[PDB]
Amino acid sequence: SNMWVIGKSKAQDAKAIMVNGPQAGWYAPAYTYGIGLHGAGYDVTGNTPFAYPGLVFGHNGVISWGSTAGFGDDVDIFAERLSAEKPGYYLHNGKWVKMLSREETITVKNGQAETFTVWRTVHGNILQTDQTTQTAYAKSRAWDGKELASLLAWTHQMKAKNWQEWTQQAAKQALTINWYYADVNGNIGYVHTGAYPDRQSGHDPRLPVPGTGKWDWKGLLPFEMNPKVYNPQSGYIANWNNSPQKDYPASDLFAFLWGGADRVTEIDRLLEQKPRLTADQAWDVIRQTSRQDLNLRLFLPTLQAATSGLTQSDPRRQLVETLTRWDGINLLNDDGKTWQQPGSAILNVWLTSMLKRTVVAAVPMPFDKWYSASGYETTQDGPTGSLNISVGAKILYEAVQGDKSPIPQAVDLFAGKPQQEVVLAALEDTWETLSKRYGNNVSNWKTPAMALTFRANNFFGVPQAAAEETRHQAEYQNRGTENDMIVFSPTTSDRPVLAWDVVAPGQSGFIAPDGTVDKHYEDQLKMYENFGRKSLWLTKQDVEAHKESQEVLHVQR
């Protein structure tokens, strides 16, 4: 998910601009739900995933808010000591403590019901994997026992009127999520919220710790420690699941890294390119980032250095020159199937070859597999989520940076071979692969574009609609499942705030028994495709003037 907040110092014809693009994949009916609340201290409008009581993306006329996953390390695994002589117990603080357990029964449609037991320790629920007569692993979350607090914090924050009231709610959100703030006056802000463990000295948060007791957390870190900024001197706040702050440690996921190579740079570049941006230019960044090849900028210099001494009759040279002239912005050809430029195909093939020759060759099987993906992998239906720079690619990036990289290269991924040689060899595979498939005339290469699918199954893989309800979109766009923008103190409006969003395919997922689809079943699908958007109303006057239907219930608790 991405987000960029533009403060008063960089906003044109406004005081603040917020544009949010949460990326959870695409679903039908829609991932989020548009809703407006007025009364009981609430006055808000926006949309939210699975219709949580608290709106993740919205505003109240004074401030606005957004989120992106934080991916900090808030989960550790404890290795519990078991005893065959004491089934159900574990050693903790010199004593055999009874584990928590419960019976569950899975009722199965047209099948036999299955019963099993779930076990838990002071550290967390026991994993059904990695299991021995002497060991069992418990998954420990810093947010354990604070789920409801986070839900309520996400709700209460909707009533904040300033930075102080707002951070008071962010301090209660225990999940690892990035919160963003903006207001009518032009103030903008950011908090990497969540609970993080205060770890014993010597605890490597990337690896398991014994559960016998000496490694138990000290408690939780204070809110003072949470990365945060109010009115940064840069004048903007941009995030794409990148690092919150200098020296802040990332999630322990082996495939997850915050390094020199980060897709968020694609946004910083566009925001710094122009001293000030208008609401429209800020919205435009969605279109540009969604089409931006993320690897071009990373390796182009390496490709240029390697081929700088080749003649033009060498096709490997010709491939790099092609990339040099490219802006990396993919566009569909008129066939609605191929890309105008073959850049991403060239990068994908080369990169795949680079990783196999470098990182992959230095990692022992089967772990080598973890670093082989180029980040372009996909299926007929297109990417299920966002596109990113792959973990192998990020590691490779440090390597081509040589000493400009702050990561000591314990082992040479190029294994003594000149980097140029390996780069030229991968370029050779690329020409061989691509030329054999598309002919020797690069200028007429029509490489496959990625498409986008609104899936009938929610991200769990469970049907949330009939298969037939799946929706297709010719152009894949590396953008939010939904996009919303709030603009404060717009100078061309009579309102102190304007907002927009797009919830595709539509507000409603309702189909009557006879098959009659609701009027708002698919009326935002085309809008999503062309980077369009519709107004979010807040004031009673606006809602009233745009009313379509009304209903009044009368009920007492």
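Quick note: we count residues from 1 along the sequence shown, nothing fancier.
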Could you check which stretch, 102 to 110 or 125 to 133, carries the larger mean CA temperature factor in the entry?
125 to 133
Please compare 64 to 72 with 490 to 498 and say which has the higher mean C-alpha temperature factor in the record.
490 to 498
Quick one: which of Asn348, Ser243, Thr481, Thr453 has the biggest Cα B-factor according to the entry?
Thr453
By the entry's C-alpha temperature factors, tell me which of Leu207, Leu294, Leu253, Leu319 sits highest.
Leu319
Rank-wise, by C-alpha B-factor, drop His192 into the lowest, middle or highest third of its chain.
lowest
Please say which third, lowest, middle or highest, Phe57 falls into when its CA temperature factor is compared across its chain.
lowest
What third of its chain's C-alpha B-factors does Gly46 belong to: lowest, middle or highest?
lowest
Chain-relative C-alpha B factor for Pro29 (record values, thirds): the middle
Quick one: classify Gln409 as lowest, middle or highest third of the chain based on its Cα B-factor.
highest
